[PDB]
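The chain that follows stands alone, in the form deposited in one PDB entry, written as structure tokens.
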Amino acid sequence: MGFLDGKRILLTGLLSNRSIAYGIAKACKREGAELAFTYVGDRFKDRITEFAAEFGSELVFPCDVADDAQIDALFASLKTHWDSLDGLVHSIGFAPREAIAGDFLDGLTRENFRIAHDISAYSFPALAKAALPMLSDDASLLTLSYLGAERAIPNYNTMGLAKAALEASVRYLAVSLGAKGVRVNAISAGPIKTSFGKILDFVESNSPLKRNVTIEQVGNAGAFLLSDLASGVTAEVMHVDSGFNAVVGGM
């Protein structure tokens, strides 16, 4: 009776119960999805296993997206358990700490740029490509972005470049996978309460709804985009940010 009843959805980047990924997993399970999860390094096997149990699942698989072999092995393993995949949630995203603090050029190096683009941008369509052989015709792929892709935000720096490439990959993936029937979207999420205070307070004071978004609100938006309720929606970057993107705040 839930709006994702019978959908099988693989989620990446579940590291804690304050994750956007956790919020989405919770919303998805409530609406009747069956879930599977990735984790990075055998050191995190136990932790991810406990999360999966919370969501009524035993399906966890290692996947460091830096490694082509691991990406390919993920879907070979997953296919031994599921005949098809209906949803993928891409919620990973890394830049070296210097590359997203202080001045943009101070933190810029060829390697910092490379890693940021490889993990935060390349990995989405790499996963989509590796999943394609087992995707259902009406599957939905979801990634996460930030307003820093669209306008210059202090400190976001190299990550802003990488998220811009990510949101472009959303549009190109939509075209590539869409004749089959597969949809591809992103949520551009506002910051979540858990110098970053400057941002949280500013957003709370300047957003149209005068409040920060919660992982529950982002989770519900993601569940919607993963479902057949959203079958008319693809190639979209949906803002879930209390309307902050639509104003000139503070002015």
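Residue numbers run from 1 along the displayed sequence.
The deposited sequence places 4 to 9 unmodelled residues between residue 194 and residue 195. Of the two segments, 206-214 and 54-62, the one listed with the higher mean B-factor is 54-62 (C-alpha atoms only).
When the two stretches 33-41 and 184-192 are set side by side, the higher mean Cα temperature factor goes to 33-41. Out of 140, 143, 109, 123, it is 109 whose C-alpha atom has the highest B-factor in the PDB entry. Of the candidates 86, 118, 83, 150, the deposited coordinates give 83 the top C-alpha B factor.
Among all modelled residues in this chain, the alpha-carbon of residue 155 has a temperature factor (C-alpha) in the middle third. The deposited CA B-factor of residue 171 belongs to the lowest third of values across its chain. Residue 99: CA B factor lies in the highest third for its chain, per the PDB record. The entry lists a Cα temperature factor for residue 105 that places it in the highest third of the chain's modelled residues. Sort the modelled residues of the chain by CA B factor and residue 247 lands in the middle third.
A second form of this protein, the form solved in complex with a small molecule, is not displayed here; the remarks below concern that form.
Between 144-152, 78-86, 131-139, 170-178, the stretch whose residues reach within 4.5 angstroms of the small molecule in the deposited complex through a non-hydrogen atom is 144-152. Only one of the listed residues (33, 182, 63, 36) places a non-hydrogen atom within 4.5 angstroms of the small molecule in the deposited complex, and that residue is 63. Among the residues 203, 225, 27, 189, the one placing a heavy atom within 4.5 Å of the small molecule in the deposited complex is 189. The closest heavy atom approach of residue 94 to the small molecule in the deposited complex falls within 4.5 Å. In the deposited complex, residue 40 approaches the small molecule with a heavy atom inside 4.5 Å.
Contact check for residue 119: a heavy atom falls within 4.5 Å of the small molecule in the deposited complex.
In the deposited complex, the small molecule sits within 4.5 Å of a heavy atom belonging to residue 13.
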